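Dropping protein35.cif in here (mmCIF, C-alpha atoms; chains and numbers go by the auth columns):
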data_structure
#
loop_
_atom_site.group_PDB
_atom_site.id
_atom_site.type_symbol
_atom_site.label_atom_id
_atom_site.label_comp_id
_atom_site.label_asym_id
_atom_site.label_seq_id
_atom_site.Cartn_x
_atom_site.Cartn_y
_atom_site.Cartn_z
_atom_site.B_iso_or_equiv
_atom_site.auth_seq_id
_atom_site.auth_asym_id
ATOM 1 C CA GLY A 1 -19.537 -11.755 11.250 0.00 1 V
ATOM 2 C CA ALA A 2 -16.042 -13.175 10.768 0.00 2 V
ATOM 3 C CA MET A 3 -15.477 -12.442 7.085 0.00 3 V
ATOM 4 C CA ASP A 4 -12.269 -13.361 5.287 0.00 4 V
ATOM 5 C CA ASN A 5 -12.276 -10.018 3.452 0.00 5 V
ATOM 6 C CA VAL A 6 -10.441 -11.956 0.725 0.00 6 V
ATOM 7 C CA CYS A 7 -7.721 -14.362 1.880 0.00 7 V
ATOM 8 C CA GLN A 8 -4.705 -12.386 3.048 0.00 8 V
ATOM 9 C CA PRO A 9 -1.016 -12.972 3.925 0.00 9 V
ATOM 10 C CA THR A 10 -0.133 -13.754 7.556 0.00 10 V
ATOM 11 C CA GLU A 11 1.334 -10.285 8.088 0.00 11 V
ATOM 12 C CA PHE A 12 -0.718 -7.104 8.469 0.00 12 V
ATOM 13 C CA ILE A 13 -0.154 -3.370 8.806 0.00 13 V
ATOM 14 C CA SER A 14 -2.075 -1.091 11.147 0.00 14 V
ATOM 15 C CA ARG A 15 -1.974 2.577 12.095 0.00 15 V
ATOM 16 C CA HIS A 16 -2.615 3.103 15.778 0.00 16 V
ATOM 17 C CA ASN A 17 -2.696 5.738 18.476 0.00 17 V
ATOM 18 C CA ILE A 18 0.313 5.672 20.804 0.00 18 V
ATOM 19 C CA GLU A 19 -1.738 4.140 23.630 0.00 19 V
ATOM 20 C CA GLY A 20 -2.300 1.151 21.392 0.00 20 V
ATOM 21 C CA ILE A 21 -5.608 2.293 19.900 0.00 21 V
ATOM 22 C CA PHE A 22 -6.095 0.911 16.395 0.00 22 V
ATOM 23 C CA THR A 23 -7.170 3.730 14.099 0.00 23 V
ATOM 24 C CA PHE A 24 -6.834 1.948 10.747 0.00 24 V
ATOM 25 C CA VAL A 25 -6.284 -1.753 10.071 0.00 25 V
ATOM 26 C CA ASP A 26 -5.548 -3.565 6.808 0.00 26 V
ATOM 27 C CA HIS A 27 -7.685 -6.618 5.943 0.00 27 V
ATOM 28 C CA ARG A 28 -4.682 -8.919 6.514 0.00 28 V
ATOM 29 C CA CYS A 29 -5.763 -8.861 10.174 0.00 29 V
ATOM 30 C CA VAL A 30 -8.237 -11.662 9.445 0.00 30 V
ATOM 31 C CA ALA A 31 -5.628 -14.009 8.033 0.00 31 V
ATOM 32 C CA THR A 32 -3.019 -13.297 10.692 0.00 32 V
ATOM 33 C CA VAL A 33 -5.257 -13.235 13.784 0.00 33 V
ATOM 34 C CA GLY A 34 -8.858 -13.768 12.684 0.00 34 V
ATOM 35 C CA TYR A 35 -9.761 -10.215 13.665 0.00 35 V
ATOM 36 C CA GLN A 36 -11.499 -7.886 11.287 0.00 36 V
ATOM 37 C CA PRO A 37 -10.212 -4.311 10.731 0.00 37 V
ATOM 38 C CA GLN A 38 -13.276 -3.069 12.578 0.00 38 V
ATOM 39 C CA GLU A 39 -12.547 -5.381 15.529 0.00 39 V
ATOM 40 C CA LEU A 40 -9.325 -3.564 16.343 0.00 40 V
ATOM 41 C CA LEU A 41 -10.577 -0.034 15.669 0.00 41 V
ATOM 42 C CA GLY A 42 -10.952 1.582 19.075 0.00 42 V
ATOM 43 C CA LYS A 43 -9.167 -1.152 20.989 0.00 43 V
ATOM 44 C CA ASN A 44 -5.714 -1.297 22.508 0.00 44 V
ATOM 45 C CA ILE A 45 -3.395 -3.941 21.082 0.00 45 V
ATOM 46 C CA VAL A 46 -2.646 -4.528 24.765 0.00 46 V
ATOM 47 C CA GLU A 47 -6.217 -5.821 25.208 0.00 47 V
ATOM 48 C CA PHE A 48 -5.507 -8.641 22.788 0.00 48 V
ATOM 49 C CA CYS A 49 -1.970 -9.049 24.063 0.00 49 V
ATOM 50 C CA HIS A 50 -0.962 -12.134 26.051 0.00 50 V
ATOM 51 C CA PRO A 51 -1.370 -11.132 29.757 0.00 51 V
ATOM 52 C CA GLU A 52 2.281 -12.016 30.442 0.00 52 V
ATOM 53 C CA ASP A 53 3.567 -9.910 27.549 0.00 53 V
ATOM 54 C CA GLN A 54 1.229 -6.929 27.838 0.00 54 V
ATOM 55 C CA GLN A 55 3.881 -4.961 29.728 0.00 55 V
ATOM 56 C CA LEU A 56 6.496 -6.201 27.255 0.00 56 V
ATOM 57 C CA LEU A 57 4.582 -4.456 24.484 0.00 57 V
ATOM 58 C CA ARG A 58 4.210 -1.333 26.614 0.00 58 V
ATOM 59 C CA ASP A 59 7.923 -1.099 27.430 0.00 59 V
ATOM 60 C CA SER A 60 8.942 -1.631 23.817 0.00 60 V
ATOM 61 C CA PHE A 61 6.317 0.765 22.446 0.00 61 V
ATOM 62 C CA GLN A 62 7.705 3.370 24.807 0.00 62 V
ATOM 63 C CA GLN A 63 11.150 2.665 23.402 0.00 63 V
ATOM 64 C CA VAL A 64 10.113 3.130 19.769 0.00 64 V
ATOM 65 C CA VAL A 65 8.815 6.515 20.901 0.00 65 V
ATOM 66 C CA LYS A 66 12.255 6.940 22.466 0.00 66 V
ATOM 67 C CA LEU A 67 14.128 5.856 19.328 0.00 67 V
ATOM 68 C CA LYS A 68 11.807 7.660 16.901 0.00 68 V
ATOM 69 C CA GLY A 69 12.163 6.462 13.342 0.00 69 V
ATOM 70 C CA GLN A 70 13.955 3.255 14.203 0.00 70 V
ATOM 71 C CA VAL A 71 12.211 -0.048 13.629 0.00 71 V
ATOM 72 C CA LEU A 72 11.858 -1.786 16.976 0.00 72 V
ATOM 73 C CA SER A 73 10.906 -5.453 17.043 0.00 73 V
ATOM 74 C CA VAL A 74 8.832 -6.743 19.945 0.00 74 V
ATOM 75 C CA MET A 75 7.718 -10.304 20.187 0.00 75 V
ATOM 76 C CA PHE A 76 4.550 -11.293 22.009 0.00 76 V
ATOM 77 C CA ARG A 77 1.485 -13.520 21.764 0.00 77 V
ATOM 78 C CA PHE A 78 -1.396 -11.947 19.854 0.00 78 V
ATOM 79 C CA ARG A 79 -4.897 -13.159 20.605 0.00 79 V
ATOM 80 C CA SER A 80 -6.359 -14.394 17.332 0.00 80 V
ATOM 81 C CA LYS A 81 -10.154 -14.537 16.751 0.00 81 V
ATOM 82 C CA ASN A 82 -9.942 -18.004 18.246 0.00 82 V
ATOM 83 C CA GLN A 83 -8.865 -16.449 21.505 0.00 83 V
ATOM 84 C CA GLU A 84 -5.553 -18.188 21.078 0.00 84 V
ATOM 85 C CA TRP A 85 -2.172 -16.707 21.919 0.00 85 V
ATOM 86 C CA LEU A 86 0.056 -17.148 18.867 0.00 86 V
ATOM 87 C CA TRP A 87 3.590 -15.817 18.423 0.00 87 V
ATOM 88 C CA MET A 88 3.697 -12.521 16.585 0.00 88 V
ATOM 89 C CA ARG A 89 6.525 -10.039 16.206 0.00 89 V
ATOM 90 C CA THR A 90 5.532 -6.413 15.860 0.00 90 V
ATOM 91 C CA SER A 91 8.008 -4.091 14.209 0.00 91 V
ATOM 92 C CA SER A 92 7.466 -0.669 15.731 0.00 92 V
ATOM 93 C CA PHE A 93 7.679 2.530 13.732 0.00 93 V
ATOM 94 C CA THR A 94 6.756 6.045 14.768 0.00 94 V
ATOM 95 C CA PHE A 95 5.515 8.179 11.885 0.00 95 V
ATOM 96 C CA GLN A 96 7.150 11.551 12.421 0.00 96 V
ATOM 97 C CA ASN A 97 6.654 14.743 10.482 0.00 97 V
ATOM 98 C CA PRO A 98 10.158 16.266 10.093 0.00 98 V
ATOM 99 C CA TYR A 99 8.745 19.776 10.414 0.00 99 V
ATOM 100 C CA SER A 100 7.573 19.757 14.025 0.00 100 V
ATOM 101 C CA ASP A 101 9.239 16.412 14.821 0.00 101 V
ATOM 102 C CA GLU A 102 5.793 15.245 15.907 0.00 102 V
ATOM 103 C CA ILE A 103 4.275 11.781 15.662 0.00 103 V
ATOM 104 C CA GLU A 104 0.854 11.326 14.146 0.00 104 V
ATOM 105 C CA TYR A 105 0.608 7.614 14.877 0.00 105 V
ATOM 106 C CA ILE A 106 2.527 4.404 15.394 0.00 106 V
ATOM 107 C CA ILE A 107 2.716 1.806 12.633 0.00 107 V
ATOM 108 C CA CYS A 108 2.222 -1.796 13.664 0.00 108 V
ATOM 109 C CA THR A 109 3.977 -4.117 11.281 0.00 109 V
ATOM 110 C CA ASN A 110 2.733 -7.449 12.550 0.00 110 V
ATOM 111 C CA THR A 111 4.474 -10.595 11.429 0.00 111 V
ATOM 112 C CA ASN A 112 3.126 -13.833 12.810 0.00 112 V
ATOM 113 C CA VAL A 113 5.821 -16.420 13.393 0.00 113 V
ATOM 114 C CA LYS A 114 4.968 -19.465 15.485 0.00 114 V
ATOM 115 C CA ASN A 115 1.657 -20.750 16.741 0.00 115 V
ATOM 116 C CA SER A 116 0.753 -22.436 20.017 0.00 116 V
ATOM 117 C CA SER A 117 -2.928 -23.332 19.711 0.00 117 V
ATOM 118 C CA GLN A 118 -3.966 -24.342 16.178 0.00 118 V
ATOM 119 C CA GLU A 119 -3.216 -28.060 16.450 0.00 119 V
#
Spit out the file's structure as structure tokens when you get a sec.
Amino acid sequence: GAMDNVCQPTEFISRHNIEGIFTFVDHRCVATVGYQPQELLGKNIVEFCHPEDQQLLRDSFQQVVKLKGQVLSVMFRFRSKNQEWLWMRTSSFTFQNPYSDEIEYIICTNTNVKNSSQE
């Protein structure tokens, strides 16, 4: 596998279930972290989260569900397709329907900053 899916920017957007389960991923996943859209679908972002920051994601994801509608930035190391732990900041957004005040999914805006593996 490991297709480029057309060279993408180093930031990607994904819709995911509140437990971290990727439901829909944009092709920019490959450029940012090597992963294909399919690779994330059904997985928790916490599975590919740096083992020392996995709780950091959890705590902050809980807080975006606390804030509701506010963009909450959490910075962690995402495991690229090279099984490396690069520095990515996820901006958390909870998609609410202002009729029942319910959330359908969380939106992972993933902006990769530094790297700590690729040379």
Practice task
Kindly extract all protein, DNA and RNA residues lying within 9 Å of the coordinates (11.3, -12.6, 19.6) given in the file, considering all atoms listed in the file, and supply them as a ChimeraX atom specification.
Solution key: /V:73-76,87-89
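Taking all atoms listed in the file into account, the polymer residues that have an atom no farther than 12 Å from (12.2, 5.1, 20.2) are residues 18, 59, 60, 61, 62, 63, 64, 65, 66, 67, 68, 69, 70, 71, 72, 73, 91, 92, 93, 94, 95, 96, 103 and 106 of chain V.
Minimum distance to residue 85 in chain V across V:17, V:112, V:97, V:5 (counting all atoms listed in the file) occurs at V:112.
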Handout entry: CA of residue 41 in chain V to CA of residue 56 in chain V, distance in Å rounded to a single decimal
Key = 21.5 Å
Practice task
Using the chain letters and residue numbers of this document, give as a PyMOL selection string the residues selected by the PyMOL selection byres ((chain V and resi 24) around 7).
Solution key: chain V and resi 14-16+22-23+25-26+41
Problem - the PyMOL selection byres ((chain V and resi 77) around 12) resolved against shown file, as a ChimeraX atom specification - result: /V:32-33,45-57,74-76,78-80,83-90,110-117
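Interatomic distance, CA of residue 2 in chain V to CA of residue 107 in chain V: 24.1 Å.
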Practice task
Taking the file as shown, find all residues satisfying the PyMOL selection byres ((chain V and resi 7) around 10) and write them as a ChimeraX atom specification.
Solution key: /V:3-6,8-10,27-28,30-31
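Among V:109, V:20, V:81, V:35, the residue with the shortest atom-to-atom distance to residue 58 in chain V, counting only C-alpha atoms, is V:20.
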